[PDB]
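Visitor: Take a look at the following structure, please.
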Amino acid sequence: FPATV
Amino acid sequence: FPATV
Amino acid sequence: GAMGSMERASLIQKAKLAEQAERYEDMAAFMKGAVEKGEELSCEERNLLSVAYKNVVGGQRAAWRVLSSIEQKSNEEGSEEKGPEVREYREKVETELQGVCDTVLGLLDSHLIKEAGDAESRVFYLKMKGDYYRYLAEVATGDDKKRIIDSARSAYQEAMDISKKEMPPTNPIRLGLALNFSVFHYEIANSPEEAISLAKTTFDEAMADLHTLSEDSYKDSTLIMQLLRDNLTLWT
Amino acid sequence: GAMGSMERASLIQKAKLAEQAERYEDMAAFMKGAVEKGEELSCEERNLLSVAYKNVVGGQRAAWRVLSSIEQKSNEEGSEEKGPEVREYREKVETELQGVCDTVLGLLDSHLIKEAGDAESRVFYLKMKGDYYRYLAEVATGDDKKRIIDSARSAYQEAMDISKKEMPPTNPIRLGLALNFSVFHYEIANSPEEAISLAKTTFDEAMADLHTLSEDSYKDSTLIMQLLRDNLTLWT
Ligand SMILES: COC[C@H]1CC[C@@H]2/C1=C\[C@]1(C)C(=C(C(C)C)[C@@H]3CCO[C@@H]31)[C@@H](O[C@H]1O[C@@H]3COC(C)(C)O[C@H]3[C@H](O)[C@H]1O)[C@H](O)[C@@H]2C
Ligand SMILES: COC[C@H]1CC[C@@H]2/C1=C\[C@]1(C)C(=C(C(C)C)[C@@H]3CCO[C@@H]31)[C@@H](O[C@H]1O[C@@H]3COC(C)(C)O[C@H]3[C@H](O)[C@H]1O)[C@H](O)[C@@H]2C
């Protein structure tokens, strides 16, 4: 999964 | 802390 | 609410204690109590609110993905019928996740967003609104799915417009908003080109503004910049 | 109970799903539902029950220790008075932990232990009974503290007596029971010499019985044997 903040 | 199972 | 009898300052103190104890459900309940006191939130308080619910929903999302994967495999050819239990339990976790998203969206709508006038608060809350509609979209399948996606898009877009007018390119809220809106494009909206374009343009404009910053601000901005680069490396 | 309308087999299936999803509170609630169906538990089912509640109470214990440490520091000389909040929140977590221990002890008393006749079930349940009284003892401070400690000791001792009569020295339940009773001696009963003696004698008698085992049984026994050695290395 891609990075989120 | 010591090990428990 | 069960927090209605506790002082606002005590709720904030206990939210920090719960964070230290990795008790994120408690953390979130304390911060909801604080929001329901009706006063605006300071910068530090906004960060406690977002961290609390990000961790709660993050765990629910991880669990939902495990269960959804099991469910999908059980619906492949040659899989032995195992009854309704996998679907039921995935539904149970999904409903609890949706309830948390609705709670957060409720707090933002009553009345955090409407009283947020400074860019750093308004963009922060609208990013959260996009995030929690995005989590609802991740599990949505019915008549309402396109409207959920467009609600996420709309919130992210208003946050984007404000952030570009009112914040420098290296502002960490602006950067994190762009990171997440880029992931929305890739994973939710079936728009990988838009996701890549947004991540690259955001990274490059931030690069060019790093020279204005102190060392401490530099550390904060480059942290999220590396996440943009990580995603671009995953996607290209 | 809220699980009274769900089939026993479905509760067991969902406990396994929750384990896969790292949803240990759910896991524990499903297994309590299964216990309350009134039938004895198989070996695999006993293991699901113990894993579920071990993880739930393990998290509560970790959080309690964080909060207790903060509380202690706030009561040192020169510490600024911060009000009742640290004590209140430590008390909140403590009460929730005590509630989980009481729930497990209730299941063992109604009616798991009384129907457990085979050594592998009776020793297993009496080890759990010692474990959950030990967790109650970790937070106990009042008139009842010595009785809680002796309840832990009594349960562990009955489990020890049965395990020595009915199980080989390498049996994993016997080994884990000895590991934990040794920690009870060191950390709860202020008896470090007894803790060291028990850990060493257990390890040595297991060493001498390894030759009787298959490779798979050898793996299981040596795993817990290494925990005995780890503790002996910590203590000497
Ligand atoms: C609504 O969206 C919130 C996002 C947008 C990007 C990011 C956000 C959140 C937090 C609060 C922040 C950061 C930093 C570390 C990138 C994390 C990203 C995940 O959640 C936290 C904000 O950082 C702040 O709070 C952090 C709390 O955790 C510590 C580690 C104490 O580090 C703290 C930082 O020192 C502090 O500047 C960061 O400024 C902004 C607001
Ligand atoms: C009441 O006390 C329960 C303790 C006593 C020692 C240990 C106990 C528990 C579990 C169930 C067992 C083990 C093994 C790995 C040492 C762990 C110790 C912590 O909890 C689990 C039991 O192991 C069983 O279940 C495990 C579940 O986790 C997997 C990894 C699938 O590995 C499984 C093993 O393959 C299986 O033999 C082990 O036999 C005994 C019963």
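Every number here is computed from the coordinates shown, using simple stated rules; none is lab data. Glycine also receives a Cβ, built like all others from the backbone with ideal geometry; neighbour counts cover every protein chain displayed.
Visitor: Using alpha-carbon positions, what is the distance between the centroids of segment D:176-236 and segment D:14-49, in Å?
Guide: After rounding, the separation between the Cα centres reads 28 Å.
Visitor: Another question, then. Can you tally the net charge around D:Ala116? Count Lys and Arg as +1, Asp and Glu as -1, for every other residue whose Cβ sits under 14 Å from the Cβ of D:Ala116.
Guide: Numbers: positive: D:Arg46, D:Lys114, D:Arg122, D:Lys127, D:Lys129; negative: D:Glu39, D:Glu40, D:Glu45, D:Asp109, D:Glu115, D:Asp118, D:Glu120, D:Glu158, D:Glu166.
Net charge in that neighbourhood comes out at -4.
Visitor: Quantify how strongly other chains surround peptide C:12-21 by giving the mean number of their Cβ atoms within 10 Å of each of its Cβ atoms.
Guide: Details: counts 1, 6, 5, 1, 1, 11, 6, 0, 5, 12.
For this peptide, the per-residue mean of nearby foreign Cβ atoms is 5.
Visitor: Separate question: Which helices count as membrane-span-like in chain C under these terms: full DSSP H, at least 24 Å along the axis by C-alpha, Kyte-Doolittle mean of -1.0 or more?
Guide: For chain C, where a helix must reach 24 Å along its axis and average at least -1.0, the hits are C:43-74, C:85-107, C:119-139, C:215-235.
Visitor: Could I ask something else about it? If you add up the charges near C:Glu36, with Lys and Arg at +1 and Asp and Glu at -1, over every other residue whose beta carbon is less than 14 angstrom from its beta carbon, what do you get? Can you show the working numbers first?
Guide: On the way: positive: C:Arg8, C:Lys32, C:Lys37; negative: C:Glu7, C:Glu39, C:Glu40, C:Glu45, C:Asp109, C:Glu115.
Result for the neighbourhood of C:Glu36: -3.
Visitor: Also, quick follow-up: Provide the net charge surrounding C:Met225, with neighbours chosen by a C-beta distance below 14 Å and charges set as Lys +1, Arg +1, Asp -1, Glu -1. Each step should come with its number before you reach the end.
Guide: On the way: positive: C:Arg174, C:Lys200, C:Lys219, C:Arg229; negative: C:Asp204, C:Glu205, C:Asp209, C:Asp220, C:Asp230.
So the environment of C:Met225 carries a net charge of -1.
Visitor: Please go through segment D:64-169 and write out the trypsin sites (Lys or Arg not before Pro) that DSSP classes as loop and that have at most 13 other C-beta atoms within 10 Å. Write down the numbers at each step before the final one.
Guide: Working: sites: D:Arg65, D:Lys73, D:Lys82, D:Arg87, D:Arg90, D:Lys92, D:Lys114, D:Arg122, D:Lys127, D:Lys129, D:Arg134, D:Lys145, D:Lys146, D:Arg147, D:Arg153, D:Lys164, D:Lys165; in loops: D:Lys82.
Answer by residue number: D:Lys82.
Visitor: Now for a separate question. If I take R0 = 56 Å and measure r between the Cβ atoms of A:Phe1 and D:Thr95 in this structure, what FRET efficiency does the formula 1/(1 + (r/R0)^6) give, to the nearest 0.05? Each step should come with its number before you reach the end.
Guide: Values: r = 37 Å, r/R0 = 0.66.
Efficiency for this residue pair is about 0.90.
Visitor: What GluC sites (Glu not before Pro) in segment C:1-92 are in a loop by DSSP, with at most 16 other Cβ atoms within 10 Å of the Cβ? Can you show the working numbers first?
Guide: Numbers: sites: C:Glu7, C:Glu19, C:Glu22, C:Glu25, C:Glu36, C:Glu39, C:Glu40, C:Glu44, C:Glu45, C:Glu71, C:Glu76, C:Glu77, C:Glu80, C:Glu81, C:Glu85, C:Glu88, C:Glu91; in loops: C:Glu7, C:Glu22, C:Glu36, C:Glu39, C:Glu40, C:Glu76, C:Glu77, C:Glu80, C:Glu81.
In loop regions of segment C:1-92 (DSSP not H, G, I, E or B), the sparsely surrounded GluC sites (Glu not before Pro) are C:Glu7, C:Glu22, C:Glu36, C:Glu39, C:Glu40, C:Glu76, C:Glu77, C:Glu80, C:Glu81.
Visitor: With chain C rotated onto chain D, spot the residue of C whose Cβ lies nearest the axis and note the distance in whole Å.
Guide: Value returned for chain C: C:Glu25, 5.
Visitor: So how strong a dipole does segment C:8-235 carry about its Cα centre when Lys and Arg Cβ are +1 and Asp and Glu Cβ are -1, to the nearest 20 debye?
Guide: Numbers: 30 positive and 42 negative charges, 50 e Å.
Rounded to the nearest 20 debye, it is 240 debye.
Visitor: Viscosity 0.692 mPa s, temperature 37 °C: give me the Stokes-Einstein translational D for segment D:160-233 in µm²/s, with Rh taken as the Kirkwood radius over C-alpha pairs. Write out the running numbers ahead of the final one.
Guide: Working: Rh = 12.2 Å.
For the chosen part, D equals 269 µm²/s.
Visitor: Given R₀ = 56 Å, what would the calculated FRET efficiency be for D:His211 paired with C:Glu22, taking r from the Cβ atoms and rounding to 0.05?
Guide: Working: r = 44 Å, r/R0 = 0.79.
Efficiency computed from Cβ-Cβ geometry: 0.80.
Visitor: Next up: What FRET efficiency do you get for C:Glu40 and C:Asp143 if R0 is 35 Å and r is their Cβ-Cβ distance, rounded to the nearest 0.05? Don't skip to the answer; put the middle values down first.
Guide: Details: r = 36 Å, r/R0 = 1.04.
It comes out at approximately 0.45.
Visitor: Moving to a separate point now. Using the Cα atoms as the points, what is the convex hull volume per residue of chain D in Å³?
Guide: Values: hull volume 36.3 nm³, N = 236.
Given the Cα convex hull of chain D, per-residue volume reads 154 Å³.
Visitor: Mind checking Rg over Rh on segment D:1-108, alpha carbons, Kirkwood formula for Rh? Please list the in-between numbers first.
Guide: Working: Rg = 17.8 Å, Rh = 15.5 Å.
Using only Cα positions, Rg/Rh for segment D:1-108 is 1.14.
Visitor: Can you give the Rg to Rh ratio for the protein assembly as shown, taking only C-alpha atoms and Rh from Kirkwood?
Guide: Numbers: Rg = 26.6 Å, Rh = 25.8 Å.
A ratio of 1.03.
Visitor: May I pose another question? For every helix of n ≥ 4 consecutive DSSP H residues, a contribution of -39,500 (n - 2.57) applies; sum these over the protein assembly as shown, divide by its total residues, and give [θ] at 222 nm rounded to the nearest 500 deg cm²/dmol. Walk me through the numbers on the way to the answer.
Guide: Details: 18 runs with 352 residues, N = 482.
So the calculated ellipticity at 222 nm is -25000 deg cm²/dmol.
Visitor: Can you give the extra length, in nm with one decimal, that the chain gains between D:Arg65 and D:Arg229 once fully stretched, where that is 0.36 nm per residue apart less the Cα-Cα distance? Spell out each step's value before the answer.
Guide: On the way: separation 164, 0.36 × 164 = 59.04 nm, distance 2.50 nm.
Difference between extended and current length: 56.5 nm.
Visitor: Rounded to a whole number, what is D in µm²/s for segment C:1-51 from Stokes-Einstein with the Kirkwood radius over alpha-carbon pairs (37 °C, 0.692 mPa s)?
Guide: Working: Rh = 10.5 Å.
For the chosen part, D equals 312 µm²/s.
Visitor: Moving on to the next point. Taking C:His111 in one copy and the same position in all the others, each labelled 7 Å out along Cα→Cβ, what are the pairwise distances from the first, in nm, shortest first?
Guide: 5.9
Visitor: I want to verify a result. In a Gaussian network model of chain D, Cα cutoff 10 Å, which of these has the top mean-square fluctuation: D:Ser214, D:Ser163, D:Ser110?
Guide: Evaluated over chain D, the most mobile residue of the options is D:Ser214.
Visitor: Further question on the same structure: What gaps in nm, shortest first, separate D:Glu215 from its twins in the other copies when you place the label 7 Å past Cα toward the beta carbon?
Guide: Those label-point separations list as 5.7 nm.
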